[PDB]
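Spelled out from the first residue to the last, the chains are:
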Amino acid sequence: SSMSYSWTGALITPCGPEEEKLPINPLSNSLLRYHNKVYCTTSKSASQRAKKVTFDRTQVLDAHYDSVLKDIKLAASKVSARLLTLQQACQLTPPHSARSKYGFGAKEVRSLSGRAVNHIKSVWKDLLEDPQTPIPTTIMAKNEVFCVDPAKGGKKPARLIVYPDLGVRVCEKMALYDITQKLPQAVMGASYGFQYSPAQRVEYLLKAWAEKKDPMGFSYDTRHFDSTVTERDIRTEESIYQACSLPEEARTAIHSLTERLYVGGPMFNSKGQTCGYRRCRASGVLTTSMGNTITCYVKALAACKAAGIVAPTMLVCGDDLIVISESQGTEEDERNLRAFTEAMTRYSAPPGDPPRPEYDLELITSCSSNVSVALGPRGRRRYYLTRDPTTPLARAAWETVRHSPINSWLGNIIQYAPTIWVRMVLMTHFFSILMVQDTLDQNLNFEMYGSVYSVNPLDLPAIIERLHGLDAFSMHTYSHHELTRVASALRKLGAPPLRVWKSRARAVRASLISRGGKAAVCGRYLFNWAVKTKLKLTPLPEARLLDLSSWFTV
Ligand SMILES: Cc1cc2nc3c(=O)[nH]c(=O)nc-3n(C[C@H](O)[C@H](O)[C@H](O)COP(=O)(O)OP(=O)(O)OC[C@H]3O[C@@H](n4cnc5c(N)ncnc54)[C@H](O)[C@@H]3O)c2cc1C
Ligand SMILES: Nc1ccn([C@@H]2O[C@H](COP(=O)(O)OP(=O)(O)O)[C@@H](O)[C@H]2O)c(=O)n1
Ligand SMILES: [Mn+2]
Ligand SMILES: [Mn+2]
């Protein structure tokens, strides 16, 4: 049928400056040594990515898909959603959002300047009066930091990002923002992954595991997901949004955004040259996350039907998928999972890596993370979320004239506080750097799902206890897998071994305790693991006052 992209030959040119590594990395050169292994994806590689994601797609639906789709439009029909005011949409523009071709940017939009409000008024009117003219988009390479992997060909080529002008992005929010806050939950309920904190996500997976008589799990991820989304998929989501109770002015605009933007259109490089035509999902529109998650859920749940997965329990995060179900014996389980992949490939969601039944919760990795188990001092099993620390460490060492890694450090401390690598490596280096800079009580930003939250470093014991409980300060005995991976990745980046971080942490704890006050609380709670004779940690009164509800939602 249809090709995901077609190209003119104009290069995918860069969007501003692409930072150079510096000869000295002063904030992270005591964290790790192999800075040569830490790289940023660039627009140089956008053409290799463009080759990999360009392919003819043939999608064959069936009675299982059709049945799932009907059940989901019915669930959608219980949702009522309102237009956003143009002013409400403007105020949701992030402060550094790409400026507009029409002489204004995020600053003027968020301030409700008249020049911008006027322009966006006319963009909106044109949305309701013209249902068909394609909206131009810009294509840029994403810049993101990785560690080199010689197993996987060296350096990953840059992901492709496609977005329309800033005026249209505000209009998307008027039409569709309220649906993004309501649809995924109403359609998948507890299966919606972007509603769980790390501890809540572990609770959920453990609950699912324990109620199967004979549990079996697998994960799934689609190869180059946005390029596999077909024009029929994108119109099938217009009809899932339209299933809601909506004012007519929204319906018109949703239809027009679908036909003129979401189903495809022309792409321009940053020099204004025509770059190609797109017939798949543009990653950069407001509906990227909601479309990906709903379209993944319909296909995945359809394929489960097609393969006879029994009593499935799903957890869907974009195109990342976990299914825990009743095992039919290992021989049938392997057959079913082959059937699942075949169905998914027929629905145009072919796999990155072929899935495989597992019977141990630690062996299932999805959303870049997995469940692991540690004892305490009691011998009592405590379960937590963790991940390969390689990409976290690489981003910990990204240091340019324009980018500080310090926010990146805080983000992993909050999100993976119970892990051994956060406790022994990141926390130790974090507080070591801030004490020497004398910046312990200076606010940092925590970035999650678009939003930024203000965090004072000295409040981490309360924050961590509110998120992960007091067991995050007491994990005694980590798993063989977890010890092996953390030791491997430190070796892989030239960081000191865990024995060295234990020495450094004894020092950080001592200095923290000597400063008294809030710092000493950090020394005692965050570093209790490092002293021979453990203090008895008591619940922190501050933690009950904390509302972290919106931190891990959307
Ligand atoms: C709705 C949503 C909006 C986000 N907006 C921003 C932003 O504005 N600025 C910023 O710096 N970071 C943004 N992020 C990245 C976010 O903070 C997390 O880093 C992200 O969820 C990656 O999870 P992971 O690295 O642990 O594992 P991953 O495997 O990398 O991510 C898990 C799944 O979440 C989806 N996803 C991952 N990263 C993104 C992303 N940037 N945008 C959209 N979907 C993604 C994918 O479908 C992926 O399969 C966003 C993430 C989501 C889910
Ligand atoms: N930085 C990112 C990463 C993922 N995504 C979205 O999430 C989808 C799946 O992400 P992914 O990690 O599986 O990478 P691919 O499947 O695209 O190779 C993308 O195809 C994009 O639609 C995004 O919009 N921005
Ligand atoms: Mn994928
Ligand atoms: Mn993925």
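Residues numbered from 1 in each chain as written, not as in the entry; some residues may be left out. Chains lettered and ligands numbered in written order. Heavy atoms only, no water.

Method information in the entry identifies X-ray crystallography as the source of the structure, with 2.74 Å recorded as the resolution.

The protein appears in the PDB entry as RNA-directed RNA polymerase from Hepatitis C virus JFH-1.

Enquirer: Pulling in residues and values, what's your account of the coordination of the manganese ion (ligand 4)?
Expert: Donor atoms from the polypeptide that bind the manganese ion (ligand 4) are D221 (OD), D319 (OD) and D320 (OD), placed at 2.3 to 2.7 Å. Here the donor residues for the manganese ion (ligand 4) map to a single chain with the spacing D-x97-D-D. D319 sits in the buried class, given a relative accessible area of 17%. (Donors = N, O, S within 2.8 Å, 3.2 Å for Na, K, Ca; no water. Buried < 20%, exposed > 50% of the residue type's maximum accessible area, 1.4 Å probe, protein only.)

Enquirer: So what about the site of ligand 2? Which residues, and what values?
Expert: All residues adjacent to ligand 2 are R49, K142, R159, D221, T222, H224, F225, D226, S283, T288, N292 and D319. Between ligand 2 and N292, the relevant distance is 2.8 Å, taken from an oxygen atom to a side-chain nitrogen or oxygen of the residue. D319 is positioned such that a nitrogen or oxygen atom in its side chain is 3.0 Å from an oxygen atom of ligand 2. Compared with its free state, where it exposes 500 Å², ligand 2 has 70% of that area covered by protein. Mapped onto the shell around ligand 2, the elements with two or more residues apiece are α9 (225-228) and α12 (288-307). Per-class residue counts for the shell around ligand 2 are one nonpolar, five polar and six charged. (Near = heavy atom within 4 Å. Polar contact = N/O pair within 3.5 Å; in protein donor to acceptor, adjacent residues only side chain to side chain. Areas by Shrake-Rupley, 256 points an atom, 1.4 Å probe, with all protein chains shown as cover. Helix = DSSP H or I, 4+ residues; strand = E, 2+ residues; numbered from the N terminus. Nonpolar A, V, L, I, M, F, W, Y, C, P; charged D, E, K, R; others polar.)

Enquirer: Could you give an account of the coordination of the manganese ion (ligand 3), with specific residues and numbers?
Expert: Looking at the metal site, the manganese ion (ligand 3) is ligated by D221 (OD), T222 (O) and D319 (OD), spaced 2.2 to 2.5 Å from it. Site description for the manganese ion (ligand 3): donor spacing in sequence, D-T-x96-D. Here the manganese ion (ligand 4) and the manganese ion (ligand 3) are spaced 3.6 Å from one another, each receiving a donor from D221. On the basis of relative accessible area, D221 is assigned to the partly exposed category, the value being 31%.

Enquirer: Describe the state of the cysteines, naming the residues involved and giving the relevant values.
Expert: Between two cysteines, a covalent bond joining their sulfur atoms is known as a disulfide. On inspection of all chains with the given rule, the structure shows zero disulfides. Unpaired in this structure, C244 has its nearest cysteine sulfur neighbour in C296, at a distance of 19 Å. Classification of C244 as buried rests on a relative accessible area of 2%. (Disulfide = S-S within 2.5 Å.)

Enquirer: Any details on the packing of aromatic side chains? Residues and values, ideally.
Expert: Here the structure, examined in full by the defined rule, presents 18 aromatic pairs. Here the aromatic rings of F218 and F340 are separated by 5.1 Å at their centres, their planes lie at 70 degrees, and the arrangement is edge-to-face. One end of the pair, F218, is in strand β8 (residues 215-221); the other, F340, is in helix α13 (residues 330-346), with 122 residues separating them in the sequence. Here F340 falls in the buried class, since its relative accessible area comes to 0%. (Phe/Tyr/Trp six-rings, centres within 6.5 Å; stacked < 30°, edge-to-face > 60°.)

Enquirer: Hey, could you go over helix α2 (residues 63-76) for me, with residue numbers and the actual values?
Expert: A rise of 1.5 Å per residue sets the reference length of α2, with its 14 residues, at 20 Å; its end C-alpha atoms lie 20 Å apart and thus fit the reference within 8%. Of the residues making up α2, those classed as buried are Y65, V68, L69, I72, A75 and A76. Angularly, the buried residues of α2 cover 125 degrees about the axis, an arc narrow enough to put them on a single face. In α2, the exposed positions angled more than 90 degrees off the buried face are occupied by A63, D71 and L74. Residues of α2 that are buried sit in contact with α7 (183-188), α10 (231-242) and α12. Two to three positions downstream of the cap, the backbone nitrogen of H64 sits 2.8 Å from a side-chain oxygen, assigning the N-cap of α2 to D62. (Expected span 1.5 Å × (residues − 1). Arc of directions from axis to C-beta. Contact = heavy atoms within 4.5 Å.)

Enquirer: Would you mind going over the sheet that holds β8 in detail, with residue names and values included?
Expert: Spatially, β8-β12-β11 is the arrangement adopted by the three strands of the open sheet, whose pairing is antiparallel. In this open sheet, the two strands that pair with only one neighbour each are β8 and β11 (310-317). The mean angle between the axes of side-by-side strands here comes to 20 degrees, regardless of whether they run parallel or antiparallel. Note: β11 against strand β12 (residues 320-326), six bridges, orientation antiparallel. Each bridged residue has a counterpart across the sheet, and for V310 the counterpart in β12 is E326. (Pairing = 2+ DSSP bridges. Axes fitted to C-alpha atoms, helices over the stretch in contact; angles between N-to-C directions.)

Enquirer: Please provide a residue-by-residue account of the nonpolar core, values included.
Expert: If you look at the biggest cluster of nonpolar residues, it comprises 88 residues, and the most contacted ones within it are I179, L183, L321 and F340. When residues no more than four places from it in sequence are discounted, the contact partners of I179 are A81, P184, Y241, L246, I254 and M290. Judged by nonpolar contacts, the second largest core, of 81 residues, contains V38, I414, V455 and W529. (Core = buried A, V, L, I, M, F, W, Y, C linked by side-chain atoms within 4.5 Å.)

Enquirer: For the pairing of strand β7 (residues 160-164), give the residues involved together with the corresponding values.
Expert: A large share of β7 lies buried, amounting to five of its five residues. Going residue by residue along β7, you find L160, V162 and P164 tucked away on one face and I161 and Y163 tucked away on the opposite face as well. In this structure, strand β5 (residues 137-141) lies alongside β7, joined through five bridges in antiparallel fashion. The residue of β7 that forms the bridge with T138 is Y163.

Enquirer: Break down the domain arrangement of the protein for me, with residues and values.
Expert: Domain boundaries assigned for the protein yield domain 1 (2-186 + 225-288) and domain 2 (370-544). In this structure, domain 1 and domain 2 have C-alpha centres spaced 34 Å apart. Across the boundary between the two partners, domain 1 contributes 23 residues, which contact 29 residues of domain 2. For the domain 1 and domain 2 pair, buried surface summed over both sides reaches about 2,200 Å², with 63% attributable to carbon and sulfur atoms. (Domains from an automatic or database assignment. Buried area = accessible area lost by both parts, 1.4 Å probe.)

Enquirer: How would you sum up the site of ligand 1? Please name residues and give values.
Expert: As a matter of local geometry, ligand 1 sits amid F194, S289, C317, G318, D319, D320, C367, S368, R387, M448, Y449 and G450. At a separation of 3.3 Å, an oxygen atom of ligand 1 approaches a polar side-chain atom of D320. In the model, a nitrogen atom of ligand 1 is placed 3.4 Å from a nitrogen or oxygen of the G450 main chain. Protein burial of ligand 1: of its 830 Å² of free accessible surface, 52% is covered by the chains.

Enquirer: Lay out unusual backbone geometry with the relevant residues and their values.
Expert: The phi torsion at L112 lies on the positive side, around 60 degrees, for a residue other than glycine. In this structure, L112 sits in the loop between α4 (106-110) and α5 (114-129). Despite not being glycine, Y449 has its phi angle at roughly 55 degrees, a positive value. With respect to the helices and strands, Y449 occurs in the loop between β15 (444-448) and β16 (451-455).

Enquirer: Which residues make up the sheet that holds β5, and what values go with them?
Expert: Within a sheet, neighbouring strands are paired by backbone hydrogen bonds and run either parallel or antiparallel to one another. Read from one edge to the other, the open sheet built from five strands follows the order β2-β10-β9-β5-β7, with strand pairing classed as mixed. The open sheet terminates on both sides in strands that have one partner only, identified here as β2 (5-7) and β7. Taking the axes of each pair of neighbouring strands and ignoring which way they run, one obtains an average angle of 30 degrees across the sheet. Both β2 and strand β10 (residues 274-278) contribute to a ladder of three bridges, which runs antiparallel. What sits directly across from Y5, in β10, is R278.

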